[PDB]
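A.B. asks: Any chance you can model this:
(4 chains, ligands or ions: 12)
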4 protein chains.
Amino acid sequence: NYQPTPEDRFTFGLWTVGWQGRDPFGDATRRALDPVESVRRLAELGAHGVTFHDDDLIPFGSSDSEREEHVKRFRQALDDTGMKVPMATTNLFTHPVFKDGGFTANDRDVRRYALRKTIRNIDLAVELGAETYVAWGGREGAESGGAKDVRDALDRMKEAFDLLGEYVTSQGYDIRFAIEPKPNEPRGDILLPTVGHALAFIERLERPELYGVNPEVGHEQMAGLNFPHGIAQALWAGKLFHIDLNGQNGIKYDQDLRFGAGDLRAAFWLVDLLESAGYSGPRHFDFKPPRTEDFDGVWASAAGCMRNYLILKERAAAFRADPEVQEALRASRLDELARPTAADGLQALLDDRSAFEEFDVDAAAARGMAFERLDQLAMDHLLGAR
Amino acid sequence: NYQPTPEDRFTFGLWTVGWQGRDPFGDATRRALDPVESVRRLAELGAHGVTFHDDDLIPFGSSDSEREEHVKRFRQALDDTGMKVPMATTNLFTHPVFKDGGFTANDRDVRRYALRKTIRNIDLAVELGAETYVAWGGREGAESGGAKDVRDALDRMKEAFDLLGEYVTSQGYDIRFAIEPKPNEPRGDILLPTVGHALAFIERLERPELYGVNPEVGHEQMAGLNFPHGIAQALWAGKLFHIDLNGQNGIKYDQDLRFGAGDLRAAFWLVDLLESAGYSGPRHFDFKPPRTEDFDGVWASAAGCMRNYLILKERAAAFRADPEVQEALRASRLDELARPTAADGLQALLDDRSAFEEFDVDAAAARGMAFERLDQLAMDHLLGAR
Amino acid sequence: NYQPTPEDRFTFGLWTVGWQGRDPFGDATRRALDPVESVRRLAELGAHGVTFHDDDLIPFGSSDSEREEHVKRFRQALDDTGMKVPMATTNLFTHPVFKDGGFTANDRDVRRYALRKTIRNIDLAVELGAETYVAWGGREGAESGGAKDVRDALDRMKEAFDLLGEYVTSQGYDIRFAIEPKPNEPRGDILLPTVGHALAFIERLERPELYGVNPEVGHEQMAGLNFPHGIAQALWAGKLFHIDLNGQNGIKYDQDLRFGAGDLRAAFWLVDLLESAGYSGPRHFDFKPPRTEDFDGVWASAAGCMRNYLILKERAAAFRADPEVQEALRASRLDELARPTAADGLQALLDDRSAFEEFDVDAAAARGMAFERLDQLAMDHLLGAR
Amino acid sequence: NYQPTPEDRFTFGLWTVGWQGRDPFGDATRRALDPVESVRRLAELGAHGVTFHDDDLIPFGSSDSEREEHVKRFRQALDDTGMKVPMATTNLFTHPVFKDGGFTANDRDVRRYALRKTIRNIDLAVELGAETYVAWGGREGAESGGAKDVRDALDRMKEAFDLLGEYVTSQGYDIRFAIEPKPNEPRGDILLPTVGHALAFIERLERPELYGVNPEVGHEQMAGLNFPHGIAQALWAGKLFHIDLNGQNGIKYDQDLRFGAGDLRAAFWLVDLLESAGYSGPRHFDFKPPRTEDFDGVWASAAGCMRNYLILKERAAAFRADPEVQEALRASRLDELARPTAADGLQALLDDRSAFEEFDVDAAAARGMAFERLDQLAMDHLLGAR
Ligand SMILES: OC[C@H]1O[C@@H](O)[C@H](O)[C@@H](O)[C@@H]1O
Ligand SMILES: OC[C@H]1O[C@@H](O)[C@H](O)[C@@H](O)[C@@H]1O
Ligand SMILES: OC[C@H]1O[C@@H](O)[C@H](O)[C@@H](O)[C@@H]1O
Ligand SMILES: OC[C@H]1O[C@@H](O)[C@H](O)[C@@H](O)[C@@H]1O
Ligand SMILES: [Mg+2]
Ligand SMILES: [Mg+2]
Ligand SMILES: [Mg+2]
Ligand SMILES: [Mg+2]
Ligand SMILES: [Mn+2]
Ligand SMILES: [Mn+2]
Ligand SMILES: [Mn+2]
Ligand SMILES: [Mn+2]
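C.D. replies: Numbering: from 1, shown residues only, chains lettered A, B, ... in the order given. Ligands and ions are numbered 1, 2, ... in the order given. Now the structure:
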């Protein structure tokens, strides 16, 4: 039951099932994982592909010879399994050089170096066939107000992304960029903190169509926001290039629980939205098996991500196909929300006496929206109590 | 000391000092205020102008005759004082007809009516000389996931604003629009919840240059975000048309404390940003004298808003002019953040061996940012302990 | 399916289904409800009883004659239905006199009056047979630091509750008190903000066994806390006298969604705890039909509360009875958590070399907790996907 | 100006200025510190003492010989400086064995080992002369609902603390215990999440007077709570044995900013409370120099903690001594809040017709509290603008 297949487009970062369990207050609870074993275990689970930071695949500071061998070993695991690599990203946050950021570090020479680090790995990711390159500016921010002139840092951020788009244009690459928002942690406040802030920033870029967003369930929930609403604006803007699925209990540190844990109802509305909008990119999981777990629990965790997606997919589809729900949807006038407000034109609106002079405001106000019956119907479908 | 003058551009809504003190769990603690007395008391305090919702000035459902008289009385108060009216807005939230929203209500006929209500008041606001019309979509949202298809609601929101911009274009008006974001309350989640989400939405509008944002200190703080950072992206985008100043203690209900209360340090960084960016619009206060206060406390509260702005203005200016702070700013390389990252070009960057092959990563990582000394200098200036 | 019966002990406040829909920014969307019709509609729904504030039942300032008639009418509705009245409370928050609090108002004469208001209604509630009197100090708090010396206000709070316990002792009443915590709203910060703070305060009271807590799902979630954990400490302390069930989306204004909405998984762990601990008090719903709803939606909302409780009751019972879950519970050593740590005594512990000198720390650290398989089993039961 | 002296009772953990800068997403930015150099640098800064976890002072797994030498070296640094050691604590969170907790780990043998680890270090701390032993149960909690029966875990927590109090009683020690609350991180939810929850738990202990709380500014602010209010209830309960001073920007990860950063106004109300209550324990700083800083910035950070305390001490004292503020305090009836509510007795209250039958509710409701003038006076004192 609810079994994933590579057609379901499930992918994982190497850093997810690979997380050794070091937290702010704790040491590692698990040994490191060869990227090769992760590709195989995930393939066995029904995964479609894997993603990586540059330093997850080639250990930082590796020699050219070792780099070649680390890729050779990795390529052979994908060949053996059929695994894909749909996305890659640069680690511009772990090494101490990035302590004040990467593309927006105050030191100019750190910013130039962060660009060379990203450009090197774009080459690699294109070779492995990734279609999306992700940027997570987790060190772009500040803990105190005077350490970062934000308008200046946005200037620098725009130059970094403009230059990156100039590079892939100059190489003929098909890869596109996806910014991953996060409101805080590790910096006290991170720049482009939400899906909205990232969409707005893309529109000031030189070639905007080259960039989209990679929202993560938990990051919007770290700011108390509605994740499906944010996804809806990303899809409305045509900029859902990639997505990160996980779970989060409200406003606290970045938990990265397996998908479906945390806010279960919001996961349901998310899957219903992705499916009904026909989202076709990877269903990528960016989670951390809690450091209480041994290797066996790591894989049960990753298996739980895909299962919970498949369960929610079925419930949400049953929801939208139920004729009682379709009748309730008409009752709540969801059909009327899809109709244009004034297809007749401004002038027609200005003269339509039934829109002001003769609008029975009290009659309209007395019409219930019937939202509770609709929502209780959604809950019954979620829980299988119809 | 720290005394405001109309040149300081301080303005107030009628609804602020006019708030009778009805909260979710409480009845009014103060009688209603004639808009005329508010104009006079505020003028006495050194205010520059007032703003209004349509229904703050003309009681809802007033006859044409009464409407004329309510304006006549108001115009005479501004003449008597020199008060201005720099901004107005529509009340699309109080009357029960707007319970599911205004421009995005599911019922089409409510949306058409909300447009006629706004268009009527734009006329009025232009007559009183407002330069900015504000939209706060406080009822645009939902409490449950199925009651609002967000992509549909954004379609409707785009039509409403496109139509409004078509109207002021057709009339030759100079007025511009400013969207006021809010993440939640009264709806469970509000659409365009943050400054970012509002900037992104404006870029999909038909004539974007006609629209900007009207951020409110407390609304971004309701989502745990850094208000000065948000303002910085608005100014970077050129869309700070208007601003709402108040105070807020973190993530909870919308408090609307007088400006300077709540997060005092963020108020300092905000004033420093507005001043150094040369923000020239009104310094508008959108606050609520706590319902514990009588009329005398209402005016002490409004007086505290302007005073706290003036105090912070002085401290922040002393901060940026102190040569020790200018030396610290160089120490933390804030000057280097303002320099372009690769004015030399992509190709020069790709060949600059000092940016990768010969970058001493460990030397750069070992250079402290000196952010703490800088911040302690800012604190000393704030508190007057230099 | 999942149909409630009065044996299920479901109760409602008059103020819940009675809420006219006035919010901070909106007018009423529904007419007022005669308490009699609410008793009948709720009875029809399978409810067990109703609760009331004094002013929900007798309008504030009623004459003795009218008071008698309002009770006569109410008593006859309970007789006609079999409805009970298991709990009552005082409204010490709506009238403007309570703007600085009730039992802790700065004005002494307001505090004395709040005590007389409560004592009058205790008499009434005992007559209607309530077994619990609830105190919600929603106005006990402050918006600014200097307006309330907290240690003084706790002195006053202790005197109010000591006096109340002296009264019911002097009358021979069986009724007990339950404090209802809330962290904020309407005050900027409320005293005794959490279940913990309320438990601690009770232990300083003169006759502590007379007082317990009445936690509300949403109020602990307004402070980002785990509601089942809080309930567990209340039950561990023996002070779960009453409970308020509803739903809440994280840290924001007090939403009072119907039970089961908001955090669905936490509702599941709550019902599992209440049932397995054998909680026997009323299952009281303190919710607000969203003001989008007409009268029909009000009753669908209240019906959804009981249904969602019954659904969760079944899933959680199926969870604890599943032998796979019982095997997983042993795997995660939940049985070992119930065993005493050192039944052998301090001295035996101090000499047990297998507890320090010869403890294989690395072997123990390498044992996974298997928490993910356990949790995925709980999720499968919740969703009916076993 | 504002210079600390050992009489000011300022102390620091070794782990604070000793923090190498490893965060969830980053490697160390600073070398490790010999505890000896920290004692000397802090002494030079005007600190009074240092605190330590067992593993900050003796590296985990040290041989008896090395242990002796690490203490010998440490004792000589305190002798050379006059530094004291007023508090110590056990590290029951870093080693992987504690991944499911210490005193409440599901594995019994981990709990026994955690007790032996604590008891060993109590001996040591008494030798160095600490007067308070702190317990921070940062691993006592859970990420999912089924992994920890909370009532069971409280049973285990009560046994651990009862046993610890049995030990210090059996040894004649004077040391007392202080529980340090935290709502979350590293566990998804931590047991005893707030000051309140910790006070309530102490009252169920065998010898409660042996235990108090060690609240930390940032931990209560992680749950949106008012830190001075929490301190006020701790002092009202007589259980402020110790305190941790730092700074925190609202509800997010545990930031541990230097004291005075984050919520500046709440720091002011805190210092005013500690001083006016005559708190006499150590003023302990539990902060992290941001990993952007080199060694020089570490010490500027620690210096900023004490300075900001001294500045706030002066402003708050000037506040309480200003006769205008004393007149305002009477205006807001803070004097009346300190008076008993019914010193005359229940019966006198029941017969006092001026408390109900003849209470002019409308007159009392119309009296403003004058809280805004009072608060603006407090702000003027904070900023030095009187
Ligand atoms: O760089 C991209 C990724 O970096 C990871 O280390 C973070 O955990 C993710 O939030 C992000 O998706
Ligand atoms: O409509 C604009 C205004 O409406 C007011 O009632 C709200 O309090 C403000 O948030 C908003 O600025
Ligand atoms: O007084 C007790 C009750 O008062 C109601 O008005 C509030 O909504 C509840 O939080 C509380 O249970
Ligand atoms: O164990 C006591 C201490 O442990 C430290 O590592 C934490 O950072 C503090 O929150 C706590 O005061
Ligand atoms: Mg991610
Ligand atoms: Mg506003
Ligand atoms: Mg309640
Ligand atoms: Mg601490
Ligand atoms: Mn994350
Ligand atoms: Mn507001
Ligand atoms: Mn509530
Ligand atoms: Mn901390």
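
A.B. asks: max-length helix in chain A?
C.D. replies: Scanning chain A for the helix with the most residues, using DSSP state H, yields helix A:295-321.

A.B. asks: do that helix and chain D meet?
C.D. replies: No: applying Cβ under 8 Å from any Cβ of the partner chain, one finds helix A:295-321 out of contact with chain D, separated by at least 10.8 Å. Using the backbone N, CA and C atoms, a C-beta is placed for each residue, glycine as well.

A.B. asks: need the contact list for residue A:88.
C.D. replies: Contact partners of residue A:88, counting by Cβ atoms under 8 Å, 6 or more residues apart in numbering or on different chains, are A:51, A:52, A:53, A:54, A:121, A:122, A:124, A:125, A:128, A:130, A:133, A:134.

A.B. asks: Let's see which of those residues end up in strands.
C.D. replies: Among the contacts of residue A:88, the members found in strands (DSSP state E) are A:51, A:52, A:53, A:133, A:134.

A.B. asks: quick one on the thing from earlier: help me see whether the longest helix of chain A makes contact with chain C, please.
C.D. replies: Yes: counting by Cβ under 8 Å from any Cβ, chain C has neighbours in helix A:295-321: A:295, A:296, A:297, A:300, A:301, A:303, A:304, A:307, A:308, A:311, A:315.

A.B. asks: so which of those comes closest to ligand 1?
C.D. replies: Proximity of these to ligand 1 was ranked by Cβ to the nearest ligand atom; the top entry is residue A:301 with 15.3 Å.

A.B. asks: Nearest residue to residue A:215 in space, please, no chain neighbours.
C.D. replies: Excluding its sequence neighbours, the residue lying closest to residue A:215 (Cβ to Cβ, 6 or more residues apart in numbering or on different chains) is residue A:195, at 4.9 Å.

A.B. asks: So residue A:91 sits against residue A:56, correct?
C.D. replies: Yes: the criterion here is Cβ atoms under 8 Å, and residue A:91 meets it with residue A:56 at 7.4 Å.

A.B. asks: hmm, back to that, most neighbours out of the contacts of residue A:88, which is it?
C.D. replies: residue A:51 (28 neighbours; other Cβ atoms under 10 Å in any protein chain shown).

A.B. asks: hey, what's that one bridged with?
C.D. replies: Counting by DSSP bridges, residue A:51 forms beta bridges with residue A:13.

A.B. asks: From residue A:32, how far off is it?
C.D. replies: Distance, residue A:51 to residue A:32, using Cβ to Cβ, to the nearest Å: 18 Å.

A.B. asks: Check residue A:15 too.
C.D. replies: 11 Å.

A.B. asks: got it, and residue A:292?
C.D. replies: For residue A:292 relative to residue A:32 (Cβ to Cβ), the value is 18 Å.

A.B. asks: With neighbour numbers in mind, choose between the two.
C.D. replies: residue A:292 (26 against 10).

A.B. asks: so the more buried one makes contact with residue D:101?
C.D. replies: No: counting by Cβ under 8 Å, residue A:292 does not reach residue D:101; the two are 9.7 Å apart.

A.B. asks: Name the residues of the stretch 201-350 of chain A found near ligand 1, please.
C.D. replies: A:216, A:244, A:286 (Cβ under 6 Å from any ligand atom).

A.B. asks: Pipe those residues into JSON lines and attach distance to residue A:234 per row.
C.D. replies: Shown next, in JSON lines, are these (distance: Cβ to Cβ, whole Å):
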{"residue": "A:216", "distance to residue A:234": "12"}
{"residue": "A:244", "distance to residue A:234": "12"}
{"residue": "A:286", "distance to residue A:234": "16"}
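
A.B. asks: Of those, which count as buried by neighbour count?
C.D. replies: Among these, those classed as buried by 16 or more other Cβ atoms under 10 Å in any protein chain shown are A:216, A:244, A:286.

A.B. asks: distance of the last one from residue A:305?
C.D. replies: If you measure residue A:286 against residue A:305 using Cβ to Cβ, the figure is 10 Å.

A.B. asks: shared neighbours, these two?
C.D. replies: With contacts taken as Cβ under 8 Å, 6+ apart, residue A:286 and residue A:305 have residue A:245 as neighbours in common.

A.B. asks: Just give the nearest non-adjacent residue to residue A:284, would you?
C.D. replies: Nearest one to residue A:284, counting by Cβ to Cβ, 6+ apart, is residue A:11 at 4.7 Å.

A.B. asks: Let me fix that, I meant to ask about residue A:328.
C.D. replies: residue A:374 (4.7 Å).

A.B. asks: so the one you found makes contact with residue B:148?
C.D. replies: No: using Cβ under 8 Å, residue A:374 and residue B:148 do not qualify as a contacting pair, with a distance of 10.7 Å.

A.B. asks: out of these two, which sits in the more crowded spot?
C.D. replies: For residue A:374 and residue B:148, the more surrounded residue by other Cβ under 10 Å is residue B:148, and the numbers stand at 28 against 22.

A.B. asks: Could you pull up the residues touching the more buried one?
C.D. replies: Contacts of residue B:148 by Cβ under 8 Å, 6+ apart are A:337, B:104, B:106, B:141, B:142.

A.B. asks: Give me the phi and psi for residue A:280.
C.D. replies: With angles defined as degrees, to the nearest 10, residue A:280 sits at phi -120, psi 0.

A.B. asks: Next, the contact list for it, please.
C.D. replies: By Cβ under 8 Å, 6+ apart, the neighbours of residue A:280 are residue A:9.

A.B. asks: How about the secondary structure of residue A:183?
C.D. replies: coil (DSSP: H, G, I helix; E, B strand; the rest coil).

A.B. asks: What is the neighbour count of the closest residue in space to it that isn't next to it in sequence?
C.D. replies: Leaving aside its sequence neighbours, residue A:183 sits nearest to residue A:193 (Cβ to Cβ, 6+ apart; 3.8 Å). Neighbours of residue A:193 under the rule other Cβ under 10 Å: 30.

A.B. asks: Kindly report the same for the one 3 residues further on.
C.D. replies: Per other Cβ under 10 Å, the neighbour tally for residue A:196 reads 28.

A.B. asks: my guess is it meets residue B:203, correct?
C.D. replies: No: Residue A:196 lies out of contact with residue B:203 (Cβ under 8 Å); the separation is 11.1 Å.

A.B. asks: Let me know the distance separating the residue in the stretch 51-200 of chain A positioned nearest to chain C from residue A:196.
C.D. replies: In the stretch 51-200 of chain A, the residue that lies nearest chain C is residue A:183 (13.5 Å; Cβ to the nearest Cβ). Using Cβ to Cβ, one gets 11 Å for the distance from residue A:183 to residue A:196.
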